[PDB]
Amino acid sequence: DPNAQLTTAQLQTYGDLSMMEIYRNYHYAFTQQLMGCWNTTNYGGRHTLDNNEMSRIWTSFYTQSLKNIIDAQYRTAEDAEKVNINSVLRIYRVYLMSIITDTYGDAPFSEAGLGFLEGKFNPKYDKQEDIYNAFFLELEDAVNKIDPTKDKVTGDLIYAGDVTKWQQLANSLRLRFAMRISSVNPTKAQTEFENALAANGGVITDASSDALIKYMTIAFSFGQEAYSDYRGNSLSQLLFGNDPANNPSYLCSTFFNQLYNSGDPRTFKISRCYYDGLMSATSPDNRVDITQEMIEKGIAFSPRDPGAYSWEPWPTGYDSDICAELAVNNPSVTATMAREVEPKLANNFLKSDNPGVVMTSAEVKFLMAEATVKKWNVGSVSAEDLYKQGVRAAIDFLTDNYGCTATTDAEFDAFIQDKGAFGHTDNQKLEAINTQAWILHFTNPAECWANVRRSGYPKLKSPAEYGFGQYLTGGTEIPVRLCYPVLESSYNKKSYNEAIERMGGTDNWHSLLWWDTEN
């Protein structure tokens, strides 16, 4: 059933426990948002190339999510009484394919998943440039073929079948991809962006049309059954951890310092310092929050520089009154804190029912701001006002979707009028926009990495510059793509050879993707 296929594809987006490892291992290190967890530091933190780890997106999407949606799109393409489910499938196929190409570059798309349908195996790799062409034509046509008088969409965990919102999402995705190609093809970028604003339905203009995959409140399990269970947010499960006491989600200094040093209200909504001596083995219950105690006693937060483990360098701790008091009736507790002074990801982001973020109004505000700085014709609102509106929506996103404490007007105004302020020069504005997007995209690591590479903001430095150069087996520079699966070079040989021929025979994670014009 086409509608059922949509449900599963959507669940499989953040629900696949197997695939979400790639984000913990590589992405969150490359974006320098998490660091210290063994998996994050070893792989992305110290540029350890592992083909199995790098091919998780490819394998997962081409064997499950995208394969299914391609099949469902195909069976509904020629049926005028199924134009809504068809259009929706086409929009989601674009979204899922965007994650593939923004990871690896050239990939099967046009010929993808046509094994049993057309008897066409060994699909060719479409050029990234052509994939992006296809994204604009597919989203434009999907938007124009939507018709609320036709079929009802019954399996949709994002908008519950509201096809008007799917129009808004499609046109917002056009905005995203327009701005992605804004360095490599400036004129096309501008046209596509302007066309998207003018299209039927418009774009996502406030949070009520944010594209969030709803996930279920379900227990974290790492047993075998869990790897075919997509009902819960598996990225959140992983950031809690298979090894949650030894290897939780410690924040990277780049991200923590950005928040802390800018007086960002979200510093201690996103991160806290926890003692986990009594923490549950399979959920983030019974953690001792020591953040306020550390501030009162004047204890230095010690976030992990890129390349550092939680244990290297070993931090300076203190003796906790809170933990000493808790030790009286809980004798297993110790009062001496060590790695607890290293900020960790807040409990709010460690829930199975955390949404799977596809795209937000906050991002749209930022794309619009950047468009206005580039002097595109995108309306009457000032860049600054758009920027201000995006930062606000990005702060409020945490309140509305993760039950974080509300940020007051006065708190927001203090931040935005000081170190959160918009730039004056073009470069300062682009920096501010894309640094702020960086923070927003923390729960959308696919998009977070794509935009850091594309925008060049924030300016990140190699782990080498933090004293970890001796461990970098895969080279100095932060990888800007992932290499193709060995499976592909083995069993899709002709198509693979054709693809690597276009990169001078290389298949290297330091080769810039077509939309990424500089390191």
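In case it trips you up, residue 1 is the first one in the sequence shown, and so on.
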{"property": "Selected stretch [higher average CA B-factor]: 303-311 or 329-337", "result": "329-337"}
{"property": "Average Cα temperature factor in the PDB entry - higher stretch of 110-118, 91-99", "result": "110-118"}
{"property": "Most elevated Cα B-factor in the entry, residues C252, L169, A414, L345", "result": "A414"}
{"property": "Highest recorded Cα temperature factor - choice among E447, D409, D210, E363", "result": "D409"}
{"property": "Chain-relative CA temperature factor third for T149", "result": "highest"}
{"property": "Ranked against its chain, the third holding the CA B-factor of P355", "result": "lowest"}
{"property": "Cα B factor band for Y104 (lowest, middle or highest third within the chain)", "result": "lowest"}
{"property": "Record-listed C-alpha B factor of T435: chain third", "result": "lowest"}
{"property": "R272 CA temperature factor, ranked by third within the chain", "result": "middle"}
